[PDB]
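>>> Sequence unavailable; structure follows:
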Ligand SMILES: *[C@@H]1CC(=O)N(CC/N=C2/CN3CCN4CCN(CCN(CC3)CC(=O)OO2)CC(=O)OOC(=O)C4)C1=O
Ligand SMILES: *[C@H]1CC(=O)N(CC/N=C2/CN3CCN4CCN(CCN(CC3)CC(=O)OO2)CC(=O)OOC(=O)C4)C1=O
Ligand SMILES: CCCCCCCCCCCCO[C@@H]1O[C@H](CO)[C@@H](O[C@H]2O[C@H](CO)[C@@H](O)[C@H](O)[C@H]2O)[C@H](O)[C@H]1O
Ligand SMILES: CCCCCCCCCCCCO[C@@H]1O[C@H](CO)[C@@H](O[C@H]2O[C@H](CO)[C@@H](O)[C@H](O)[C@H]2O)[C@H](O)[C@H]1O
Ligand SMILES: Nc1ncnc2c1ncn2[C@@H]1O[C@H](COP(=O)(O)OP(=O)(O)NP(=O)(O)O)[C@@H](O)[C@H]1O
Ligand SMILES: Nc1ncnc2c1ncn2[C@@H]1O[C@H](COP(=O)(O)OP(=O)(O)NP(=O)(O)O)[C@@H](O)[C@H]1O
Ligand SMILES: [Mg+2]
Ligand SMILES: [Mg+2]
């Protein structure tokens, strides 16, 4: 990170604020009128006192109450207008920033999410954006509303007697440098607090997602001690912020009151008095007194504003990170399905050992390739390379004769349907899980046909509402095989030219697996398929069986040929 | 969310604040002195004007600057003290509330988490507690400071001329009822905003946790549209808050300025003037003007302060929900392992159909029972009942002859080690995952021996740092079989008298599964075990095989006897 | 608790026919597995017939084609129809519910001349 | 690309001994599966010997106990030692790398008198 300024963060924000200039312009006009009303109301002491209540004609006091009430009506109207317009613009800007942040996170590479924690990014969405919102609404309204008041008081004081606006001038730069120093301090503390809040969210999220492990292994004390640590650190950094703010405010108040001391001392001179009455000074010492109150408001709201300025700076740094590399530009309507690995070598980020070494694998159109091998040998990695979750080091992966990097990511991933090894469902009705991202495109007859092909219809008919049954947060209201079959139906609904089954039948019994296999045989007789299997009963009819070991292909063939040749596959078949 | 007033929420908060009374007492004293300094400073117009600058002796102006500077020093010191002490107490209280909320969530039943979303509870921790923190620090400091200033001004005005403190008295109740109405409105809007923020967090969390499904199925537009709705709703509710605040403030300002109009009108009378000089009247007019500025501060921070009050009310409602029902009071040092189901019937919450019907299942000490059956038949449910995740309807589950409900939950769950069907690992090192909640109790030799028994040592030796390798958020930096074997080692490290393997070898190949089985045979020759298996090769040596179907036990026996008798199990064995 | 009592025959002639019954009570009768075992005077218990939820019968080879096992859901009763009996079939017959480690009957002797 | 060339024998007498070689290049030689196939003039290709990563050799029953397959990691070469040859073994011999659908050799005729 690298701090900027308040002006510099507003110069970064400006392209976002530009579409909403009208609200800002009317808010600025209303702010000017509000400051004018305040200053004019304070400058009523001069006629009230000089043109005495009984010394001079009461003509002033005849009309003065109506003037006060009218000024208050005008000030109220302009205060409403300025508050509402600035808050509307601020809400719009914060909404835009939140949406940009969400889209940016959705566009990051998978390797980014491997190295992160959900709590940190969730904190970026929740805590930092709420800091921007709170600051830019409340603290910004107050800052502008006291700055205008201070400027009005300065103008009035310089108008009545400039020989004291001179001390105001000589004291303004000191206040400016003090405020700038304290603001930099505040921005640093705020960034620290953002990191600590990310840690707090990560701690709570880890306890919540692993609740069953906490219970079963008795991890209550450890989780409680980790939350004690992080929450105490959050409190201590908040106290750092408070210490800075409450040591800064009295110093600035003292500097500002040196002006009041100077005005009293200067009036103590006889060479300055007798030039002005009692009433001009009735305005001037009333105005110094009434100036020290907006100063406090301004300084006191500075920490809250800087909590928003620091959050904005953090979001700006995030919003120009590198997203998923997408520099291909040829869409594909429907691939034939002819995927070919050509001498590819892949190393996971930060791992220094190849997960795959020299993979020369052809997956012809309409043929099924089965990857078998021991656990940890690199089958899910091949499946992850086909969908471009990770990018390879050497070699080429071609689809329809062109490298995968030549296509658009959306266009490419439209050609692949994947049942992953770790099934993830959503908190949605069974029907909105089978048709996850295409609920407007697939009818209920198509969804029921997919659910029937995945052997999921019998258990769905027994549920509370059928296809409208809400399943839990991650399908938690289902058994493991039922979650697997819903994921299978989700993949089978979309007639994608490439289907990848990454051990799709691990949680299924044998009869269920055989029914699903019977459906797959008829449905996918002409679609490229890649089955990753540990059970060799699932892949006996594959057109080519590929045995992976430590990341290299150790043999390839059909079931009958691989049963002869007495290789690795014959050993796997024998021990099963 | 049934609302309480500000006083009532402080009366609920008080038992938490009571341990920190000292900070509050010194803060109150410093607040009193600060208000006295402010009022005294403002009351310097009467001698400065009456004892004129040149009309009377300058003896006043000889010393007045030093009085002003001394008052400012005193004000500054007391302002620092009050701000710091109230912020310290507030931080302590917010930390305590956060810790109570975390402990409460950790103590809820599993059925509670089934029906919830992680985003809602995470929002409770992050957003609501941050609202309490921000309010109780900033808005509370401002509210008490401005209240003290207002009371000081009232006292001074009533002191100089009570014939105008009478109008102050007649206007105070109107301001009170206006503020009380607007505050109730603010708390309602704040509770709505808390719910909307829970929805925002749920949306972002669903996108993050299901990122690969979003990518593979092209769900970017649907997720973007969802987030657009929720973020726009959050903005609109914020605008509701702003509308209320900015319509309330001018009305209260107008009511307060009616007092200024009255004072000008009353001074316009000749029967009131000539009783007091240009002095007391100048001070009275200045006091009304300077009173209208704390009123504005009070109302703005009332807007920002009722958010904290509403968050406190929500947290209070949460902190007295029903936790997991734990009314057993006999600890067990180490159960023999003799678990017995006695005619138990179980229905999942809100399901109206029994998941288990009449289960009469004995699991003798030192004996292995294998549960086999079709998917969705109720095996993981039996495993979930043994650990008391859910409580049964009829029948009894006994352990060592006593009902499971007679034991303490911690004591009971200390006797069970479970490899669940859906493996969950923590983002830490491998060694801190194997020894999850007992990192201080198990040595590295014990952890390596567990990892060797789970067949995990060969792949661990190949990792970057060995047992100190950080695995991803959910073990994402591992293959599926490697996550399974780390969970197996985690369970095997603790020599628990009851071991439950809920399809612990689904992601393993056959040789890996056979090595793990060989380790289990020697290690668990005298420990009660319950193996839930779909692969019958895993459970051929179980002392009793139990076939579950639709929630009822359809046959029981040993492998050789169940192969004869040609029942369900013979059919399962034949088709495999 | 589940209990079941046989109501069978006694002495019959060779080549005759017998029909055994065993009323099962206190059970989910439509799901559990029922079977008929027999015990010769010296030999251990041997399975004779089994019926499952789908009325999937399956007989032992030594008796296949002569016996017939069936169950009446409404009456909650399981029947063993014997045809063409032999002296070697003279044994004590037990009904069994849900597996060889499940619930047994008291027994009903059957004698063939 | 992986390529492999046999350097074998020609005509030998019955009961003699032969040793075939096949240098494998461009491969992860220590992991992949190597095998020797032979093709009689009329018969289709038949597997003769296979060796795997652990040097786990397997021999066709028709030739078991007479042949011996081995590989030298340093030289990246796989050997087929033949003993007690027969006229029925006269065929064209191929080395194969990683499976029947993998990479094949050009062939080396072997004739036994
Ligand atoms: C239950 C009792 C019994 O006797 N069993 C075996 C008898 N096998 C029969 C051969 N059957 C083949 C067609 N069966 C389906 C229709 N069955 C009626 C025709 N059966 C003659 C040809 C007449 C029989 O009673 O049984 O004969 C009706 C039936 O379900 O009963 O092999 C069979 O069962 C199929 C038992 O299993
Ligand atoms: C590779 C080439 C070959 O000839 N093979 C089979 C030969 N079988 C042998 C039987 N052997 C049993 C003990 N062997 C382990 C030690 N072997 C040395 C002792 N062998 C005689 C008894 C001498 C042989 O050369 O082979 O004999 C060393 C060895 O690894 O070679 O069955 C066997 O192999 C085990 C092939 O597989
Ligand atoms: C965080 C929520 C805030 C929402 C409400 C914000 C209220 C205050 C917003 C205005 C702040 C001052 O607005 C100020 O506008 C000028 C307008 O040209 C910007 O000036 C900008 O335009 C020029 C001219 O094209 C460009 O060089 C560049 O984009 C930038 O310098 C300032 O950089 C910005 O700081
Ligand atoms: C989140 C904010 C954290 C910091 C908040 C700082 C402000 C705290 C002060 C709030 C005002 C004092 O609050 C007030 O305390 C008194 C005791 O002194 C409590 O009163 C207590 O004693 C009274 C009188 O016997 C009994 O009703 C009862 O035993 C108990 O409620 C009030 O219930 C509480 O309303
Ligand atoms: N995201 C990742 N980052 C780093 N290493 C990884 C990652 N995923 C897998 N690996 C490792 O890469 C290697 C290849 O594994 P992977 O492709 O996941 O295996 P697999 O063969 O599908 N395993 P399995 O499910 O157990 O049968 C193994 O060492 C993994 O531990
Ligand atoms: N938390 C839950 N709430 C409601 N119903 C549930 C819940 N968990 C499981 N079920 C249902 O309860 C029944 C029993 O299933 P469960 O005990 O999970 O299965 P299982 O026999 O272990 N099958 P499998 O997980 O495939 O090996 C099934 O209908 C499940 O869908
Ligand atoms: Mg895998
Ligand atoms: Mg299960």
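Perfect, thanks for sending it. Numbering: from 1, shown residues only, chains lettered A, B, ... in the order given. Ligands and ions are numbered 1, 2, ... in the order given.
>>> So chain A: which segments form each domain?
The domain map for chain A lists A:6-319, A:339-575, with the assignment taken from curated CATH domains.
>>> Distance from the first one to the middle of the chain?
Using C-alpha atoms, centre = their mean, to the nearest Å, the distance from the centre of domain A:6-319 to the centre of the chain it belongs to is 25 Å.
>>> Check the separation of the first and last residues in it.
19 Å (C-alpha to C-alpha, to the nearest Å).
>>> ok, it near ligand 4 or not?
No: where contact is defined by C-beta under 6 Å from any ligand atom, no part of domain A:6-319 touches ligand 4; the two come within 11.9 Å at best. Yep, even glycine has a C-beta here, placed from its N, CA and C like the rest.
>>> That domain close to ligand 5?
Yes: applying C-beta under 6 Å from any ligand atom, one finds that domain A:6-319 is in contact with ligand 5 at residue A:114.
>>> hmm, stretch A:493-505 touching chain B?
Yes: with C-beta under 8 Å from any C-beta of the partner chain as the threshold, stretch A:493-505 lies in contact with chain B, specifically through A:494, A:503.
>>> quick revisit: in JSON lines, list the domains of chain A along with distance to residue B:363 and mean neighbour count.
As requested, the domains of chain A are arranged in JSON lines below (distance: least, C-beta to C-beta, whole Å; neighbours: other C-beta atoms under 10 Å in any protein chain shown):
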{"stretch": "domain A:6-319", "distance to residue B:363": "18", "mean neighbour count": "19"}
{"stretch": "domain A:339-575", "distance to residue B:363": "21", "mean neighbour count": "20"}
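>>> What residues does the closest residue to residue C:53 other than its chain neighbours make contact with?
Setting aside the residues directly before and after it, residue C:53 is nearest to residue C:31 in space (C-beta to C-beta, 6 or more residues apart in numbering or on different chains), at 5.1 Å. When contacts are counted by C-beta atoms under 8 Å, 6 or more residues apart in numbering or on different chains, residue C:31 is found next to B:549-550, B:552, B:554, C:53.
>>> Isn't residue A:266 up against residue A:272?
Yes: Residue A:266 lies in contact with residue A:272 (C-beta atoms under 8 Å); the separation is 5.7 Å.
>>> Overlap in contacts, those two.
residue A:163.
>>> end-to-end on stretch A:209-219?
End-to-end distance for stretch A:209-219: 13 Å, by C-alpha to C-alpha.
>>> no, scratch that, I was asking about stretch A:367-377
With C-alpha to C-alpha applied, stretch A:367-377 spans 23 Å between its terminal residues.
>>> How about it and ligand 7, touching?
No: legend: contact between stretch A:367-377 and ligand 7 by C-beta under 5 Å from the ion is lacking; minimum distance shown is 6.9 Å.
>>> Figure out how far that stretch is from the centre of its chain.
Between the centre of stretch A:367-377 and the centre of its host chain there is 38 Å, according to C-alpha atoms, centre = their mean.
>>> can you tell if it touches chain D?
No: among the residues of stretch A:367-377, none lie within reach of chain D under C-beta under 8 Å from any C-beta; the closest is 10.7 Å away.
>>> Identify, by residue count, the longest strand of chain C.
When every strand of chain C is counted residue by residue (DSSP state E), the longest turns out to be strand C:17-25.
>>> Counting neighbours, which bits of it end up buried?
Residues of strand C:17-25 classed as buried: C:18, C:20-24 (neighbour count, 16 or more other C-beta atoms under 10 Å in any protein chain shown).
>>> For stretch C:34-46, give me every contacting residue.
By C-beta under 8 Å, 6+ apart, stretch C:34-46 touches B:565, B:567, C:20, C:22, C:24, C:47-51, C:60, C:62, C:69, C:71, C:78, C:80, C:89-98, C:107, C:110.
>>> Mind listing what's buried along it?
By neighbour count with 16+ other C-beta under 10 Å, stretch C:34-46 contains the buried residues C:34-38, C:45.
>>> Any idea what the residue positioned nearest the centre of chain C is bridged to?
For chain C, the residue nearest the mean C-alpha position is residue C:36 (3.0 Å; C-alpha atoms, centre = their mean). In this structure, residue C:36 bridges to residue C:49, residue C:95 when assessed by DSSP bridges.
>>> Please, which helix or strand holds the closest residue to ligand 3 within chain C?
Of chain C, the residue with the smallest distance to ligand 3, taken as C-beta to the nearest ligand atom, is residue C:31 at 65.4 Å. Following DSSP states H and E, there is no helix or strand that holds residue C:31.
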